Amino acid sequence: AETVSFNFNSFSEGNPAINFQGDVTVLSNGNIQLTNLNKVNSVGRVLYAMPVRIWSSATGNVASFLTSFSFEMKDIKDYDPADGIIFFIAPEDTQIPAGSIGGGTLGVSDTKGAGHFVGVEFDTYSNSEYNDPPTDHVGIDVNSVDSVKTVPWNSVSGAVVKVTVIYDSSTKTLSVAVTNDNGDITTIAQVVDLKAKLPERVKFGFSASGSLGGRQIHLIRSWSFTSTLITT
(Lines of atoms letter the chains of each structure in order from A and count residues from 1; the text may use other names and numbers.)
(Lines give C-alpha, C1' and ligand atoms only; values in the text may rest on other atoms or scores of the structure.)
Protein backbone atom coordinates (compact mmCIF):
# COMPACT_ATOMS: atom_id res chain seq x y z
CA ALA A 1 0.00 0.00 0.00
CA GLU A 2 1.53 3.26 -1.26
CA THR A 3 0.06 6.28 0.50
CA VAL A 4 0.55 10.00 -0.05
CA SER A 5 -0.86 12.42 2.43
CA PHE A 6 -0.42 16.04 3.40
CA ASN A 7 -2.40 18.60 5.32
CA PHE A 8 -2.37 22.38 4.86
CA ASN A 9 -4.08 24.63 7.40
CA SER A 10 -2.39 27.68 5.91
CA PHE A 11 0.19 28.29 3.19
CA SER A 12 3.43 30.21 3.01
CA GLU A 13 5.73 31.21 0.14
CA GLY A 14 8.91 29.18 -0.03
CA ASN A 15 7.18 25.93 0.84
CA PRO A 16 8.79 23.47 -1.60
CA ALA A 17 5.57 21.39 -1.66
CA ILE A 18 3.43 23.90 -3.57
CA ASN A 19 3.85 25.22 -7.13
CA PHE A 20 2.41 28.56 -8.18
CA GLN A 21 1.41 29.26 -11.79
CA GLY A 22 0.07 32.59 -12.93
CA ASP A 23 -1.42 35.35 -10.79
CA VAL A 24 -1.30 33.34 -7.54
CA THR A 25 -0.51 35.16 -4.28
CA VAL A 26 -0.23 34.24 -0.58
CA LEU A 27 -1.89 36.73 1.81
CA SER A 28 -0.58 37.59 5.29
CA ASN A 29 -3.13 35.25 6.92
CA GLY A 30 -1.73 32.19 5.15
CA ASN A 31 -4.59 32.13 2.62
CA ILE A 32 -3.96 31.72 -1.10
CA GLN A 33 -5.55 34.21 -3.49
CA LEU A 34 -5.70 32.76 -7.01
CA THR A 35 -6.40 35.68 -9.34
CA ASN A 36 -5.00 39.25 -9.62
CA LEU A 37 -7.81 41.82 -9.40
CA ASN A 38 -6.11 44.34 -11.69
CA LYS A 39 -5.43 42.03 -14.61
CA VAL A 40 -7.69 41.35 -17.58
CA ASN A 41 -8.13 37.60 -18.16
CA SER A 42 -6.39 36.73 -14.90
CA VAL A 43 -5.43 33.11 -14.27
CA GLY A 44 -3.90 31.59 -11.11
CA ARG A 45 -3.22 27.96 -10.25
CA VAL A 46 -1.69 26.20 -7.25
CA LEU A 47 -0.46 22.61 -7.46
CA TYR A 48 0.92 20.12 -4.97
CA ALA A 49 4.55 20.02 -6.11
CA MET A 50 5.08 16.26 -5.99
CA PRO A 51 3.39 14.15 -8.66
CA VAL A 52 1.15 11.41 -7.30
CA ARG A 53 1.10 7.99 -8.92
CA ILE A 54 -2.63 7.31 -9.30
CA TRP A 55 -2.27 3.93 -11.01
CA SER A 56 0.29 1.29 -11.89
CA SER A 57 0.54 -0.33 -15.31
CA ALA A 58 2.45 -3.13 -13.57
CA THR A 59 -0.59 -4.20 -11.51
CA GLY A 60 -3.40 -2.32 -13.26
CA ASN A 61 -4.62 -1.00 -9.89
CA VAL A 62 -6.06 2.48 -9.50
CA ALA A 63 -5.64 4.49 -6.31
CA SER A 64 -8.44 5.58 -3.96
CA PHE A 65 -8.29 9.07 -2.52
CA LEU A 66 -10.00 11.20 0.12
CA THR A 67 -9.54 14.94 0.06
CA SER A 68 -11.13 17.99 1.68
CA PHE A 69 -10.55 21.65 1.10
CA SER A 70 -12.21 24.97 1.87
CA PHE A 71 -12.35 28.11 -0.18
CA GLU A 72 -14.08 31.45 -0.26
CA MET A 73 -15.24 33.69 -3.08
CA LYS A 74 -16.03 37.35 -2.49
CA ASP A 75 -17.57 40.02 -4.73
CA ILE A 76 -15.71 43.23 -5.51
CA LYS A 77 -17.21 46.50 -6.74
CA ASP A 78 -18.05 47.22 -10.38
CA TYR A 79 -17.03 43.79 -11.71
CA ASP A 80 -19.29 40.79 -12.29
CA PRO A 81 -18.64 37.94 -9.82
CA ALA A 82 -16.73 35.51 -12.07
CA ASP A 83 -15.54 33.03 -13.02
CA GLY A 84 -15.13 30.29 -10.45
CA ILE A 85 -12.70 27.76 -9.05
CA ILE A 86 -11.84 24.29 -10.22
CA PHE A 87 -10.20 21.44 -8.34
CA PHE A 88 -8.44 19.41 -11.01
CA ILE A 89 -6.15 16.48 -11.71
CA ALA A 90 -3.85 16.74 -14.76
CA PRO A 91 -0.65 15.19 -16.27
CA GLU A 92 2.62 16.22 -14.67
CA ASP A 93 3.57 18.64 -17.44
CA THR A 94 0.35 20.63 -16.94
CA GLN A 95 0.67 24.40 -17.41
CA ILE A 96 -1.66 27.31 -18.09
CA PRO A 97 -2.96 26.99 -21.68
CA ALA A 98 -0.89 29.28 -23.97
CA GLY A 99 -2.80 32.40 -24.92
CA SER A 100 -5.27 31.65 -22.19
CA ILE A 101 -8.31 33.89 -22.39
CA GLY A 102 -9.20 33.03 -18.80
CA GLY A 103 -12.92 33.47 -18.15
CA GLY A 104 -15.03 30.34 -18.56
CA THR A 105 -11.97 28.25 -19.42
CA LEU A 106 -11.25 28.40 -15.70
CA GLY A 107 -7.52 28.41 -16.45
CA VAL A 108 -7.43 24.74 -17.53
CA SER A 109 -8.70 24.67 -21.12
CA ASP A 110 -8.43 26.37 -24.51
CA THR A 111 -10.98 28.64 -26.22
CA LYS A 112 -13.11 25.59 -27.14
CA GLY A 113 -13.00 24.59 -23.49
CA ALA A 114 -10.86 21.52 -24.14
CA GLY A 115 -7.84 20.31 -22.20
CA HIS A 116 -6.28 17.32 -20.45
CA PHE A 117 -7.68 17.27 -16.92
CA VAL A 118 -10.40 15.75 -14.74
CA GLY A 119 -11.95 18.07 -12.18
CA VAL A 120 -14.70 19.49 -10.01
CA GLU A 121 -15.75 23.05 -10.77
CA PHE A 122 -17.50 25.68 -8.68
CA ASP A 123 -18.82 27.78 -11.54
CA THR A 124 -20.21 31.23 -10.77
CA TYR A 125 -20.77 32.50 -14.31
CA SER A 126 -22.95 31.01 -17.03
CA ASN A 127 -20.98 30.62 -20.29
CA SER A 128 -23.40 29.59 -23.06
CA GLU A 129 -20.43 28.73 -25.28
CA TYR A 130 -19.59 25.87 -22.91
CA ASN A 131 -23.21 24.82 -22.33
CA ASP A 132 -23.29 26.10 -18.77
CA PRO A 133 -26.53 25.72 -16.83
CA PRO A 134 -28.27 29.08 -16.17
CA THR A 135 -27.32 29.22 -12.47
CA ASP A 136 -24.21 28.85 -10.33
CA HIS A 137 -23.39 25.15 -10.26
CA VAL A 138 -20.97 22.38 -9.40
CA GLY A 139 -19.89 20.15 -12.24
CA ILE A 140 -17.65 17.20 -13.06
CA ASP A 141 -15.26 17.95 -15.93
CA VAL A 142 -13.58 15.27 -18.03
CA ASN A 143 -11.21 16.90 -20.56
CA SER A 144 -13.56 19.86 -21.06
CA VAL A 145 -15.36 22.67 -19.23
CA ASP A 146 -18.58 21.61 -20.91
CA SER A 147 -19.39 19.53 -17.82
CA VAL A 148 -20.23 15.84 -18.02
CA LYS A 149 -22.70 16.49 -15.19
CA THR A 150 -23.79 19.47 -13.09
CA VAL A 151 -25.95 20.22 -10.08
CA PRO A 152 -27.54 23.60 -9.20
CA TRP A 153 -25.57 25.37 -6.51
CA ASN A 154 -25.39 28.85 -5.04
CA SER A 155 -22.26 30.92 -4.47
CA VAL A 156 -22.61 33.23 -1.47
CA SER A 157 -20.12 36.07 -1.36
CA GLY A 158 -17.83 35.92 1.66
CA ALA A 159 -19.09 32.53 2.83
CA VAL A 160 -16.51 29.83 3.68
CA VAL A 161 -17.36 26.65 1.73
CA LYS A 162 -16.22 23.16 2.75
CA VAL A 163 -15.82 20.35 0.24
CA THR A 164 -15.15 16.65 0.72
CA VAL A 165 -14.22 14.40 -2.21
CA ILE A 166 -13.94 10.61 -2.23
CA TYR A 167 -12.75 8.62 -5.21
CA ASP A 168 -13.36 4.89 -4.90
CA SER A 169 -11.05 2.93 -7.23
CA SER A 170 -13.25 -0.20 -7.38
CA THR A 171 -16.43 1.41 -8.69
CA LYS A 172 -14.42 4.27 -10.21
CA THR A 173 -16.86 6.63 -8.51
CA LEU A 174 -15.96 10.25 -7.76
CA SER A 175 -18.24 11.63 -5.05
CA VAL A 176 -18.46 15.25 -3.95
CA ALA A 177 -20.12 16.79 -0.88
CA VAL A 178 -20.31 20.58 -0.64
CA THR A 179 -21.19 21.99 2.77
CA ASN A 180 -22.61 25.45 2.33
CA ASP A 181 -22.33 28.29 4.85
CA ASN A 182 -25.94 27.78 6.01
CA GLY A 183 -25.46 24.06 6.68
CA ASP A 184 -27.24 22.70 3.58
CA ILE A 185 -25.14 20.20 1.61
CA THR A 186 -24.97 19.71 -2.14
CA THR A 187 -23.70 16.46 -3.65
CA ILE A 188 -22.76 15.10 -7.06
CA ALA A 189 -21.22 11.78 -8.14
CA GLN A 190 -19.95 10.58 -11.50
CA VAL A 191 -18.17 7.43 -12.67
CA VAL A 192 -14.83 8.48 -14.18
CA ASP A 193 -12.14 5.97 -15.14
CA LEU A 194 -8.93 7.79 -14.08
CA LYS A 195 -6.74 5.04 -15.60
CA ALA A 196 -8.30 5.74 -19.00
CA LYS A 197 -8.30 9.53 -18.86
CA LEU A 198 -4.97 10.24 -17.20
CA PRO A 199 -1.38 8.98 -17.17
CA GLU A 200 0.12 6.92 -14.34
CA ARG A 201 1.51 10.08 -12.74
CA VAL A 202 -0.55 13.20 -12.19
CA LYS A 203 -0.71 16.45 -10.23
CA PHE A 204 -3.52 17.81 -8.08
CA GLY A 205 -4.32 21.49 -7.79
CA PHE A 206 -6.70 24.43 -7.87
CA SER A 207 -7.23 27.00 -10.61
CA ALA A 208 -9.32 30.18 -10.86
CA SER A 209 -9.86 32.75 -13.60
CA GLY A 210 -11.43 36.09 -14.47
CA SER A 211 -11.98 38.25 -17.53
CA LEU A 212 -12.14 41.98 -18.35
CA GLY A 213 -15.37 42.83 -16.60
CA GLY A 214 -15.73 39.65 -14.53
CA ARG A 215 -13.48 39.57 -11.47
CA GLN A 216 -13.80 38.41 -7.86
CA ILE A 217 -11.67 37.29 -4.90
CA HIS A 218 -10.90 33.54 -5.03
CA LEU A 219 -9.32 32.19 -1.83
CA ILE A 220 -8.12 28.67 -1.05
CA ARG A 221 -8.15 28.42 2.76
CA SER A 222 -6.99 24.89 3.61
CA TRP A 223 -6.36 21.52 1.99
CA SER A 224 -5.83 17.96 3.24
CA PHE A 225 -5.28 14.92 1.04
CA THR A 226 -4.66 11.16 1.23
CA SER A 227 -4.33 8.64 -1.58
CA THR A 228 -3.68 4.95 -1.15
CA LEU A 229 -2.80 2.53 -3.92
CA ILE A 230 -2.68 -1.20 -3.26
CA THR A 231 0.49 -2.74 -4.61
CA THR A 232 -0.57 -6.33 -5.34
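Each residue number is its position in the shown sequence, starting from 1.
Q: Decide which of the stretches 2 to 10 and 221 to 229 has the higher mean C-alpha B-factor, going by the entry.
A: If you average the C-alpha B-factors of 221 to 229 and of 2 to 10, the larger mean comes out for 2 to 10.
Q: Averaging C-alpha B-factors over each stretch, which comes out higher, 172 to 180 or 191 to 199?
A: The stretch with the larger average C-alpha B-factor is 191 to 199.
Q: Quick one: which of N38, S70, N31, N41 has the biggest Cα B-factor according to the entry?
A: So the option with the highest C-alpha B-factor is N38.
Q: Among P152, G115, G102, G158, which residue carries the highest C-alpha B-factor recorded in the PDB entry?
A: Spelled out: the listed residue with the top C-alpha B-factor is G158.
Q: State the tercile, meaning the lowest, middle or highest third, of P91 with respect to the CA B-factors recorded for its chain.
A: Tercile = highest for this residue's CA B-factor.
Q: Rank-wise, by C-alpha B-factor, drop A98 into the lowest, middle or highest third of its chain.
A: Highest third - that is where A98 ends up once the chain's C-alpha B-factors are sorted.
Q: Based on the entry's values, in what third of the chain does the Cα temperature factor of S126 lie: lowest, middle or highest?
A: Middle third - that is where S126 ends up once the chain's C-alpha B-factors are sorted.
Q: Could you look up the Cα B-factor of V52 in the entry and say which third of the chain it sits in: lowest, middle or highest?
A: CA B-factor rank for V52: middle third.
Q: Considering only modelled residues of the same chain, in which third does the CA B-factor of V26 rank: lowest, middle or highest?
A: It belongs to the middle third of the chain when residues are ordered by C-alpha B-factor.
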